[PDB]
Each structure stands twice: as structure tokens, then as C-alpha cells.
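We begin with a single chain expressed as C-alpha cells, specifically the form deposited without D-mannitol.
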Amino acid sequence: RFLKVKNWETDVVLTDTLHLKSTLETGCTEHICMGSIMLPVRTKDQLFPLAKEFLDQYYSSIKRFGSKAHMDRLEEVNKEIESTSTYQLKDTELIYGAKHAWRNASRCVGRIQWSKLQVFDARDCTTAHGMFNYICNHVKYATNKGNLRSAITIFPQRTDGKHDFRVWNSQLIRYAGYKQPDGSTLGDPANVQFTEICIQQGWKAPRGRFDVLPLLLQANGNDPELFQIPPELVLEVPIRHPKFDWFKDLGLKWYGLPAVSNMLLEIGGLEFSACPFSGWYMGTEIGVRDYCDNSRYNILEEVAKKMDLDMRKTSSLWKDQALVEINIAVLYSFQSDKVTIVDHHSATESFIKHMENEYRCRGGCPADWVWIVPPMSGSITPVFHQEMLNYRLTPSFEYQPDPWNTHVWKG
């Protein structure tokens, strides 16, 4: 069953056959679409089917499907599952798996880079202090004095679900957020709950607007522990605007390394509950979402004010005009400081090229239009007119609930 998608700006039509290899359900039923819904414990019983599927996929990619090395590996994985209930990936399989988890991430516009992921095997790690050391080295490697490099660090896999490794932070590098008694928020409103958890665990909060949060790290199902990332490893960029000299006086800055750490990596039925991964920012992620979203820093007002815009009626498009300016500032500051960033025009262009190539050589590219389209200027980017098919392929990155909602506390 072949399916077509059309690019309504170029009349380019592509044929998807890769969705046939889809297994996991999407959330949409025959009579309802949940395409805009944000978020729509494992035994030996179902594991070897998942292991076999992954291993078949793996050996196909190395052109050894049905070879002796392939059959022996299936045999080997079979025996380790029946006697030990789980199994261990080889280094070759872990790297393939983590790369393809990114390749399958249908909400990720930066996937042209998927094959250049640097995979750090941290499966020998046993303690929170060891996690801290592995994460420090990830940050240093990935930052690279501003010449960012994609990397993932993979901590031991779930076993009985009672000894999970978890990074409790949602990203390795994030700014604290403090609810004030008067209802206002100091710093990043997105992190107020996590900040309070950190303070409750004994973090001495400087209580500033741009405080790097501590790491809160759980090894082998134990209670989490706090660690301060060495400040010389946290690369930050002061935000200034090329034409407006008053923009620096807003005193804004942002960190250079986007590194997401709350997600789960699934490979061959194995769940890696601790797997921080990092890339480089698309400019709108900082400029549009992190600063202007009503539930974030909310600087549109002050920017529009200092720009002297008609703020009385929204039909002056003062909000639109301030947002563009803030996003020019973000791009200008990172480029000026020689820290890798990509504008939403370059990144969406690259993704169309990626997507067409994936249809050419893979037969499909799962894509979530609701997420791929940038949050500003959507229709003047080439992905807006591009039809996309969303479906779930494994290996995959999955959501998992926040650990503090599930963790059984030791003390």
C-alpha cells in the first residue's frame, strides 16, 4: 500500500512505503485525528520479537541479513533473554540504534544531521557521581568552544523498572525559575517546579534571573543527588541587537547548548531511561518560545515599548514586529560570538532536502507537520506547503513521566 504526499508549492509528489514498517500506534482513529495532541514494566514475553525486529533491521543495514553472524546473534540474544530476561546491545548496535532513534524522530526538523551523532556509551556507570562525570564530558565535547557537535550519552538500561537511571532535569542546561510571593516569576517560568525540587533537596539558590540549575541525577533507582555543572563548561551568549543599542540593556542571555535529558530511548525492546542528547539551537526556539511565549520570559511588552510601537490595538502587529526583532537579536548574538545556530529558513530548507532524500533512499520520512513548521513566519518556509505523513518507527525517543511523580523514595 503506497501513499503519496504533495508539495503544494512545487507540485512535487513523493511515494511513501516506509509507513508499512510502522508498528506503534499514532493515537488517531479512523474517525478522529489527534494530530495536535501533545502526548498521545516490560517482560521477557514480548521482548525477543522486539529484539528480532531490531536485529533484522540492523543486519539489513550492514547488508548481512541472514548471514551466519546474523543468525548467531539472534541465537545469542534468545539465550540471554530466556535465562536473564533482558539482553545487552553490542557497541555497534547501540550506535546504530541511537542514530536511528533520531532519524525516526518525526517532530525534529534538524534530522539532516542524524548520521553524525557522537554516541557516548555510559552503560558501565553505577552511581550518581559517575553520571555527573559522564554529563560533564558530554557538555564539554558537545560545546567545543561554540562549534557545537551532536552527541548522546547512554546510561544503563531499565531492568525491573525499580533501578532506573534518570536525569531529573528536562535539559542539562536550564535557567532556574522562582515564584515570588506577589505572583510574579523570577527567571524562567518553565522551570519553577523543578527549581523548588532542587531547593528542597538542598540547593543554595542565588535567586537571580539567569541561574544555571544544578544537575539532579538518579543512579540504579536510588534517591537523586545534586551536582553543580562547572561554570566554565556552560557557554552563554549575551543577547544584543545589531541596530538597537538599547537591546543589550535588557540584560538577556541564553546558553548555547540545547541538551534534552528527560526522554526515553527505546532500542530492540530495551528502555534507556537516561539518555541526554544535544544538538544546536534553531534560533526561534530561543527567540519565539523561550522569551515571548505568554508562559515564559514575556519580554515582548518591554521590547515593543522600547521600539515605540502602537501598542493600543493588536492590529498594529506590534507583537509580530517585536518578535521578529528579538529573533534577529538572537541570531546576531550567536553568530557574532561564533556559537553554532541555525535560522528557521535554513533549517526548514535543509529538512525538505533531507525529507526528499529519505523518500528516495528509505521510502519515507515520518514527519509531524504541527511540530516541523516553525513557530513564526510559517508559510514563508518551505515546510508549510509540504504534506507530511506521521507514523511511529523504532528505534524511537519516547516521553516518560517526570520521575518525582513515580519515584519511590529511599531517604
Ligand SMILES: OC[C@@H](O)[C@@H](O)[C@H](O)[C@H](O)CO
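The numbering used is simple: start at 1 and walk along the sequence shown.
Here the subject shifts to the form deposited with D-mannitol bound, a form of this protein not shown in this document.
Chemist: Given the stretches 190 to 198, 222 to 230, 80 to 88, 328 to 336, which is the single one in contact with D-mannitol in the entry with it bound, using a heavy atom cutoff of 4.5 Å?
Modeler: Selected stretch: 190 to 198.
Chemist: Please run the contact check for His241 against D-mannitol in the entry with it bound: heavy atoms, 4.5 angstroms, yes or no?
Modeler: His241: no, not in contact with D-mannitol in the entry with it bound.
Chemist: Hey, in the entry with it bound, does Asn262 get a heavy atom within 4.5 angstroms of D-mannitol?
Modeler: Looking in the entry with it bound, residue contacts with D-mannitol include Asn262, since a heavy atom lies within 4.5 Å.
Chemist: So in the entry with it bound, is D-mannitol close enough to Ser170 to count as touching (4.5 Å, heavy atoms)?
Modeler: Although D-mannitol is absent here, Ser170 would touch it in the entry with it bound, with heavy atoms inside 4.5 Å.
Chemist: Counting only non-hydrogen atoms and a 4.5 angstroms cut-off, does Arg73 reach D-mannitol in the entry with it bound?
Modeler: Flag for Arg73 set to no.
Chemist: Residue by residue through 174 to 188, tell me which have a non-hydrogen atom within 4.5 angstroms of D-mannitol in the entry with it bound.
Modeler: The stretch touches the partner through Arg174 alone.
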